[PDB]
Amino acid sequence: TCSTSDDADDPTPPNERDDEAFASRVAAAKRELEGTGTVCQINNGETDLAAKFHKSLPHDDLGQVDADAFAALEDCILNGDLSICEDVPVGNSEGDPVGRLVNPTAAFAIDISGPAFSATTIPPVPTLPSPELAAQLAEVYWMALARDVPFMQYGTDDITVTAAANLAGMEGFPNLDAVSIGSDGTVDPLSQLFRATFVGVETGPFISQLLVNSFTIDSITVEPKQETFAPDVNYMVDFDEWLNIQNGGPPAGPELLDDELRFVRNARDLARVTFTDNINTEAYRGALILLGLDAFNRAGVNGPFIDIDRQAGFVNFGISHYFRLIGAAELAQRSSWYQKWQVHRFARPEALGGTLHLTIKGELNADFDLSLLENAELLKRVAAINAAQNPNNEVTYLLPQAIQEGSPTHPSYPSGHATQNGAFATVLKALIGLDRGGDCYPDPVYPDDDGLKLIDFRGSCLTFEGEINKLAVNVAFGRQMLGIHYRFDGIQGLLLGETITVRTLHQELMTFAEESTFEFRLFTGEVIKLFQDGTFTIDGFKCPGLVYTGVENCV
């Protein structure tokens, strides 16, 4: 049995390989220790249970949570114990899986890699009475009303031309997260409504090139015409059906589907993608397309290999590296879960929709800002679309859901889809690099209004990095378009995802033998550059912390 020598072409002796791996890992962990320090989780401080998540617990007939049950939920959230979590009351005893709490104890796991779950933060949510919460909630209502308008008709359809005038008139609107908006405060329906200022999202067609172009997987070429939802029908707008879903009961039935396969061409379609995706499916498709277009090089001439001739990357700076992180970067979901349950615990849009509807009916008196509560233009359209749908044409102002089950049984903020899509977009941009990130997407297209044919897009350069960012914001805002998240869930989850992913990316980069760096553009536009000694820059400026904690701290 060997000790100081063996057959490997390795400078370290066998009996030191174990110590060197330990030393390296202790140092890495020490760097997270020191770079982290004391991190303070802060929520908006409101105590109203109406603004908190409690879907699936027992509610009275006004959708108001049972006190004892909510206190058992707080018990469950705090203790990271399965058994205590099984003690939380359920509001419907039929045992349907949509009634189960979605893994409330998940956050309490220290992963050995990346930033620990409590090492990052996201901002407090706007309180229920605020002008910002009002405009955020109205925007989810207008998305629901605009679901069947084709994206290319946004500038001429009554619903979206109105949505843009009505939202721009709300006091809180200019304060919405990365809101697309003119300098004069107006909203252009075709290029700004339901958009964000992250790089490339406002340029060109609403839907990312990565969602409408063909992809090849194992020599199988796939055109992305999907099975989509039927137009014009929404769910949970009948009061008893809505209450039953808040109490944890089964959906009223399946969703109506369209008989014709179509490319994604309106918000209902985009929402459909996000209802039937599985973690990184959209980003995986984008990854394959980018590889096929040579934004990422399949033969491995990426990273430090672009400047040399003898070697190609694979495990590092090649497809092994890329597809590994496309899955591994989903680890940011653990931090997303801590934020959802242990910290913010914010009410989903359908729950606030119930509070609103009852307040409008005079059965509750929630303090919503008058910009929503007196928003006649929006509330009359909601009343009308619901009455058209409901038995006996009964009017409700509930938020129309594109799915019978409504939201998943976990808190609104942030969106897990937005956190994981921010992480996947960051992995793609970092491996493709800044230079290739700025090249223009070749032969860009947009689906026709029926989603049956692709039309050649003739306009500004759509950069690879912008189309990757667009893909991520499409997925985030597609959940909003189902009725189950607000813009703050999507924007702040995307940033949470980018920050955590820069931390893991930098951690791994420091271990690699070959000399190399990472360089790429963040969602807000700054260029980050990561170095193997632990240093990093934002637009050329060397940052002061030991580890990346967001652009705001690099000053």
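Residues carry their position along the shown sequence, with the first being 1.
Please compare 456-464 with 477-485 and say which has the higher mean C-alpha temperature factor in the record.
456-464 has the higher mean C-alpha B-factor.
Determine, for stretches 305-313 and 132-140, which one has the higher mean CA B-factor as deposited.
Stretch with the higher mean C-alpha B-factor: 305-313.
From 471, 264, 384, 432, which pick has the Cα B-factor that tops the rest in the entry?
The record points to 384.
State the tercile, meaning the lowest, middle or highest third, of residue 160 with respect to the CA B-factors recorded for its chain.
Answer is middle: the recorded C-alpha B-factor places it there.
Of the three thirds of its chain by CA temperature factor, lowest, middle or highest, which one includes residue 195?
Its C-alpha B-factor belongs to the lowest third of this chain's values.
Mind checking which third residue 46 falls in for C-alpha B-factor across the chain?
Lowest third - that is where residue 46 ends up once the chain's C-alpha B-factors are sorted.
Split into thirds by Cα B-factor across the chain's modelled residues, where does residue 40 land: lowest, middle or highest?
Middle third, going by the recorded CA B-factors of the chain.
Ordered by C-alpha B-factor within the chain, which third holds residue 229? Give me lowest, middle or highest, please.
It belongs to the middle third of the chain when residues are ordered by C-alpha B-factor.
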